[PDB]
Amino acid sequence: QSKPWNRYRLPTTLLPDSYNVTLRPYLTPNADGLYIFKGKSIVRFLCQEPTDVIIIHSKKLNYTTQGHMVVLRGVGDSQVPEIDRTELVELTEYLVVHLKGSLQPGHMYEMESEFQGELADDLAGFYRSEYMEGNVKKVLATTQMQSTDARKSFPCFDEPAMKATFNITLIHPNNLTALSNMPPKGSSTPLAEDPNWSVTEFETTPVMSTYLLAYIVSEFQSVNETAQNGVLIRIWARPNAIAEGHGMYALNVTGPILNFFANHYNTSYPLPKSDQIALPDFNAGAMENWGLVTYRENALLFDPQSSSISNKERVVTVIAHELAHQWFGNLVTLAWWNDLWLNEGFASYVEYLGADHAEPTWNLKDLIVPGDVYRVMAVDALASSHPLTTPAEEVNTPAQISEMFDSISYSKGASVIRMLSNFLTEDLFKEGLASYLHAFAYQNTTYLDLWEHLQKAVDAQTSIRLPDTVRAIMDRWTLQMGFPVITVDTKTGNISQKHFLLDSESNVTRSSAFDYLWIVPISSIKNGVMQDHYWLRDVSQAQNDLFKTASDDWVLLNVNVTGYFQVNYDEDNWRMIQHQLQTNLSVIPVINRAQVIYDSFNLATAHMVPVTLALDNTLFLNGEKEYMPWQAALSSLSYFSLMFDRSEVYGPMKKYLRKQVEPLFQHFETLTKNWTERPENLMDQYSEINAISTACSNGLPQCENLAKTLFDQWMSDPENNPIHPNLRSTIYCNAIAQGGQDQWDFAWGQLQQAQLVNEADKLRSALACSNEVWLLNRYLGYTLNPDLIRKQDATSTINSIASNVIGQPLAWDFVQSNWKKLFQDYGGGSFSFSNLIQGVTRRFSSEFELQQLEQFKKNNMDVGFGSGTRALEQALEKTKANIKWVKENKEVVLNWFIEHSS
Ligand SMILES: *[C@@H]1O[C@H](CO)[C@@H](O[C@@H]2O[C@H](CO)[C@@H](O[C@@H]3O[C@H](CO)[C@@H](O)[C@H](O)[C@H]3NC(C)=O)[C@H](O)[C@H]2NC(C)=O)[C@H](O)[C@H]1NC(C)=O
Ligand SMILES: *[C@@H]1O[C@H](CO)[C@@H](O[C@@H]2O[C@H](CO)[C@@H](O[C@@H]3O[C@H](CO)[C@@H](O)[C@H](O)[C@H]3NC(C)=O)[C@H](O)[C@H]2NC(C)=O)[C@H](O)[C@H]1NC(C)=O
Ligand SMILES: *[C@@H]1O[C@H](CO)[C@@H](O[C@@H]2O[C@H](CO)[C@@H](O[C@@H]3O[C@H](CO)[C@@H](O)[C@H](O)[C@H]3NC(C)=O)[C@H](O)[C@H]2NC(C)=O)[C@H](O)[C@H]1NC(C)=O
Ligand SMILES: *[C@@H]1O[C@H](CO)[C@@H](O[C@@H]2O[C@H](CO)[C@@H](O)[C@H](O)[C@H]2NC(C)=O)[C@H](O)[C@H]1NC(C)=O
Ligand SMILES: *[C@@H]1O[C@H](CO)[C@@H](O[C@@H]2O[C@H](CO)[C@@H](O)[C@H](O)[C@H]2NC(C)=O)[C@H](O)[C@H]1NC(C)=O
Ligand SMILES: *[C@@H]1O[C@H](CO)[C@@H](O[C@@H]2O[C@H](CO)[C@@H](O)[C@H](O)[C@H]2NC(C)=O)[C@H](O)[C@H]1NC(C)=O
Ligand SMILES: *[C@@H]1O[C@H](CO)[C@@H](O[C@@H]2O[C@H](CO)[C@@H](O)[C@H](O)[C@H]2NC(C)=O)[C@H](O)[C@H]1NC(C)=O
Ligand SMILES: *[C@@H]1O[C@H](CO)[C@@H](O[C@@H]2O[C@H](CO)[C@@H](O)[C@H](O)[C@H]2NC(C)=O)[C@H](O)[C@H]1NC(C)=O
Ligand SMILES: *[C@@H]1O[C@H](CO)[C@@H](O[C@@H]2O[C@H](CO)[C@@H](O)[C@H](O)[C@H]2NC(C)=O)[C@H](O)[C@H]1NC(C)=O
Ligand SMILES: *[C@@H]1O[C@H](CO)[C@@H](O)[C@H](O)[C@H]1NC(C)=O
Ligand SMILES: *[C@@H]1O[C@H](CO)[C@@H](O)[C@H](O)[C@H]1NC(C)=O
Ligand SMILES: CC(C)C[C@H](N)C(=O)O
Ligand SMILES: [Zn+2]
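Under the deposited numbering, the first residue of the sequence shown carries the number 63, and numbering increases by one thereafter.
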């Protein structure tokens, strides 16, 4: 046998009941410049099986407990064994208490410790975050436990299923505010040892997981509202953020969203209050700590003067995401991190539901398709993907746990759960979900528990009939990786499925229980009229008349892309759809208008249609007003841009896109009353933004003139920006493209004095749009200087230059020459060498350029490559793919564009 303290998973001999935890951050450095925090904790736990060892998590804590590292007491009249010795096992992150005798089952024990750790700027555990308010560097103390960092703040049984109540006390400077999961018990009281400090005790948490604990000490302020049921809602942020009104949007939506979910889930919000807090530079994005949710500022705050509609969308959906967790994840928690996908996939899905409640005119639900479905299909159509489900026994280390937080888990998880809600109907899904939430409140589950409760709801009715059990169906989508292409020959109605890969030559080596066969829910529209629902069983091939067409009829599968699959047809059926989109596109749901574009470009890639068929599918766009189909086009073509914008192909391409987009431009010119007013709802605003970007970047004189007039106008009155935030990135970029140092210098001016991140970002990116070599080179020489350009912005800025066709060879030469600077900013930030290499080499598509990257690599001697060591490999391999793709495609594509651009 091996010793239990050398195993990554905790024993189950001891289960926690309740913790007292007192934390004291020191926000002034101890002058060798170390920031510390101090803590004291008591954990009460119950013995289940006799054991003579107590194993508890601890990470980067020094112990100052009197005696051994802990003190051990019996609860009530329980005797307690003596401690032999206490030791720290770093690898498995344990504090280990060896006893002279055994603990007894049924008995409770209390274990006290005193400790301290660094209050580091590391976004891990109890940590510090520094930021500026005017002249002053400010410093606050805040938490991020997710996933395995609670143990970094205090010793605890730090696994999600080992839930307990927590009594939190903060000791803090007496003019700072202290926040935790729960409301404060009463007024803070002064610390007897030193009254410059106060003591804030918090009400007992519900039974909960360690990874959801939070506590924060800052000078933040709040805007507040009391929902009618008395639930207090607060948005917390920097004093000046609050004073400028930047919390108001979050406050507006929060109440409705919470309300939506309590009714959605059929389960009262389980806490007396909900705080949400905007943190500067919170690189982890957002965290759903129960009752105190943390966001990065640009995820929670919104400035109506400067922020764009897409910023607005980000805020409402992120809030909805974090709030969804307050039932799903927090109230009912997955037993182990192998099932993370459920939790994050669920939030990643219902975020759209919650947000749509708050903004019911925006059609937000649609956005899951481009946002999650097609996003994750790009990576799930690879031989190198993985199942949603991982065996529990394979997820053990903190690193292994971290690896669970990826595309597949969030976006595929969202996609397959959306599929499941749709084939069950939402009302039925809701019932099973309510049943699951009530049965498991304050406890832990596996995905099998959700299947079961959905089955119960299925079994309790007669309307929805399935081809198999919920579990049997969802097993197809959770235990094997990837997804099928579904191919329909409409001449016969034959319908087949195969595992879909973008690379037609790939060897899949990961085996499946099911031979990569799925049970597939298939909706279909024929001549614009909904057909009966069909299930493809787990067979390669089948036949149904649902999919048989006459000559002048058409059929289209997967309405609204609710199903996690792509569709191909015979060529005839494609053409009819094409002609339908030509003559009355309204017959076909906007989402499917996009599907046709997304799928066919993917199929073309996989060599299952000719690329010209995919391009034909763009032809209808000249009469398309709606956001999504255009977005499908723009997303699928950006690679064609990457590959061809230095080639003879480009002129025909631009000319084609000018042709396609001009009417959309004209449409918005009228609609927006000469551009003075924005369109009403989100989708039409998104469309306007894309149409303007596309027009301008392709050289439509009408868009070029707009951008010049507007940027001219702004320069003649710098305090009154005439450019709506929706149009800013395009108008800036185009106008700087047309202009010289007059335009460039003014914008640089505006970068240096902008106080808002979203706006600085746009200026930084537009400045890279110059068409003067000398301006792009001078700009490059700024990117390293941290006076002029922040380091965290340095490689991003170099990539934006690379992105400019003229800046490509400039960036590339610059990176080569100052590569000697792994040994200066591998020492001063992480940097992301990996993202730089990717961005600057992504256009490479010739043998000559592959010779150049190979020739670059042979500075292997010293220097090295740090983070992008395998990012270079991926560069040399991606270039090989591009060379192959360009030789196969250059001619056919050139002539398609020549032909279709008047
Ligand atoms: C975890 O923290 C809890 C809160 O601090 C502890 O419970 C508190 O214990 C306090 C003293 O140990 C009690 O305060 C007062 O003590 C005086 C003695 O001077 C007594 O007369 C009273 O019982 C009490 N005063 C009043 C006004 O009630 C608190 O009663 C008590 N707080 C509670 C129960 O909410 C836990 O004991 C601590 N856990 C462990 C294991 O140490
Ligand atoms: C938890 O305990 C650790 C071990 O005692 C502490 O780590 C020690 O911190 C010292 C600085 O605080 C480190 O510096 C050494 O000592 C003095 C600084 O006061 C320097 O002059 C020496 O140059 C320096 N020695 C070296 C080799 O650089 C010690 O390095 C370090 N000891 C160890 C073993 O790591 C932690 O600070 C302590 N943390 C908290 C938050 O209490
Ligand atoms: C949180 O919700 C509030 C209430 O629903 C929103 O408050 C509305 O803000 C609107 C945007 O400025 C205001 O509407 C327009 O204001 C301009 C300014 O002079 C006028 O031209 C328009 O006529 C006017 N429109 C209307 C319908 O009045 C509203 O004054 C205001 N409505 C209310 C009830 O106060 C908040 O904007 C919203 N906060 C955020 C950040 O979204
Ligand atoms: C955290 O605080 C709570 C309540 O303030 C404590 O719960 C009490 O536990 C004691 C001893 O088990 C019981 O006598 C009371 O019934 C509990 N009160 C309530 C309201 O439940 C809890 O013990 C504290 N945790 C620790 C570790 O002390
Ligand atoms: C809380 O008290 C601290 C200490 O008096 C204040 O922090 C000082 O702020 C001034 C400028 O206002 C700085 O120049 C000092 O260096 C600060 N001292 C330290 C140790 O940081 C702080 O402003 C007060 N905060 C609030 C919200 O009132
Ligand atoms: C959870 O859903 C249940 C069951 O649908 C709700 O109870 C229903 O409430 C409506 C509202 O008036 C009544 O018309 C139904 O007759 C009720 N059904 C039953 C069985 O009581 C319940 O109120 C919801 N609870 C929460 C907390 O949202
Ligand atoms: C993890 O969750 C399970 C349930 O999913 C918990 O087991 C339940 O415990 C409660 C209270 O002890 C009982 O009412 C049920 O009968 C139990 N159901 C079971 C055992 O299947 C389990 O206690 C949780 N694990 C931990 C460590 O808390
Ligand atoms: C449609 O599906 C059926 C299979 O069920 C195919 O018809 C069979 O094809 C084999 C191939 O040699 C014949 O030998 C069988 O006699 C056929 N079975 C029949 C007619 O019942 C048919 O080829 C498919 N059509 C396609 C893919 O276009
Ligand atoms: C496909 O998606 C569209 C939205 O893009 C759905 O249309 C919405 O349906 C709801 C209720 O039927 C309406 O309240 C919305 O206002 C509709 N929006 C639009 C823009 O039409 C459509 O119902 C979906 N089709 C199917 C068959 O599920
Ligand atoms: C896949 O295996 C085939 C033969 O089974 C081989 O020709 C090919 O090189 C392999 N790999 C790729 C990535 O195509
Ligand atoms: C286009 O089809 C829509 C929906 O079927 C219909 O309402 C509209 O009248 C049609 N218009 C034309 C010109 O065919
Ligand atoms: C790393 C954590 C902040 C992740 C969080 N649960 C999210 O998905 O937003
Ligand atoms: Zn989440």
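Just so you know, even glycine gets a beta-carbon here, dropped at the ideal spot from N, CA and C.
- In the DSSP assignment, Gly890 falls outside any alpha helix (DSSP H), carrying neither H nor E.
- In this chain, the alpha helix (DSSP H) harbouring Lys770 covers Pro763 to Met777.
- The criterion of a C-beta distance shorter than 7 Å is satisfied by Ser662 and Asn679.
- When the five nearest sequence neighbours on each side are left out, the beta carbons in the same chain lying within less than 8 Å of the beta carbon of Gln936 are those of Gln900, in order along the chain.
- Separation of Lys199 and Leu181 (C-alpha to C-alpha, rounded to the nearest whole angstrom) is 16 Å.
- Looking only at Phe216, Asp183, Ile945 and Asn760, the smallest Cα-Cα distance to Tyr81 is reached by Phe216.
- If you look at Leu643, you'll find it in the alpha helix (DSSP H) that goes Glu633 to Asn646.
- With fewer than three CB-CB distances shorter than 8 Å, the stretch 669-683 does not count as touching the stretch 732-748.
- Looking from the CA of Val617, the closest CA among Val658, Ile371 and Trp352 belongs to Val658.
- Between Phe895 and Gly930, the gap from beta carbon to beta carbon is short of 7 Å.
- Per DSSP, reduced to three states, the secondary structure at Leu415 is helical.
- For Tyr311, the CB falls within less than 6 Å of some heavy atom of ligand 3.
- Collapsing the DSSP output to three states places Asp551 in a strand.
- If the five residues before and after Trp389 are omitted, its C-beta is found closer than 7 Å to the C-beta atoms of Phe323, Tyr327, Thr329 and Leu499, all from its own chain and listed in chain order.
- Judged by beta-carbon spacing, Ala769 lies within the 7 Å limit of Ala797, meaning their Cβ atoms are closer than that value.
- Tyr311 places its beta carbon less than 7 Å from that of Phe364.
- Counting only beta-carbon distances shorter than 7 Å to the non-hydrogen atoms of ligand 11, the qualifying residues in chain order are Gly590, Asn646, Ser648 and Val649.
- Sixteen is the threshold: when 16 or more other Cβ atoms of the shown chains lie within 10 Å of the Cβ of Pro714, as they do, the residue is buried.
- Proximity of the stretch 450-462 to the stretch 414-423 falls short of the contact definition, fewer than three beta-carbon pairs being nearer than 8 Å.
- Shown here, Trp424 sits in coil according to DSSP, grouped into three states, outside any helix or strand.
- Nearest Cα to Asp632 within the set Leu665, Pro112, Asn646 and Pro246: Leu665.
- DSSP, read as helix, strand or coil, puts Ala873 in helix.
- Shown here for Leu643: same chain residues with a beta carbon closer than 6 Å to its own, the five before and five after excluded, namely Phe682 in chain order.
- Taking a C-beta distance under 7 Å as the contact criterion, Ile339 and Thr316 do not qualify as a contact pair.
- Under the Cβ criterion (8 Å, minimum of three pairs), the stretch 228-244 does not count as touching the stretch 185-196.
- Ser566 sits away from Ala445, with the two beta carbons spaced by 7 Å or more.
- Closest in C-alpha terms to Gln462, from the list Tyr70, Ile297, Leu898 and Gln523, comes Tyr70.
- Residue nearest to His515 within the set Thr507, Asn506 and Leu495 is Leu495 (criterion: CA-CA distance).
- When C-alpha distances from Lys102 are compared across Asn124, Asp114 and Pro112, the shortest belongs to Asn124.
- Residue nearest to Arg533 within the set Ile960, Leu486 and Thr903 is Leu486 (criterion: CA-CA distance).
- Restricting attention to beta strand (DSSP E) runs no shorter than 3 residues, the stretch 162-203 encloses them at 170-180 and 187-195, ordered along the chain.
- Remark: the shortest separation between the CB of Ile104 and any heavy atom of ligand 1 falls under 6 Å.
- In the DSSP assignment, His119 falls within the beta strand (DSSP E) that extends over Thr113 to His119.
- By the Cβ test, the stretch 499-510 is not in contact with the stretch 427-447, since fewer than three Cβ pairs between them sit closer than 8 Å.
- Counting only runs that start and end inside the stretch 63-110, the beta strand (DSSP E) elements of at least 3 residues fall at 76-87 and 98-109.
- The alpha-carbon separation between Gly187 and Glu306 amounts to approximately 31 Å.
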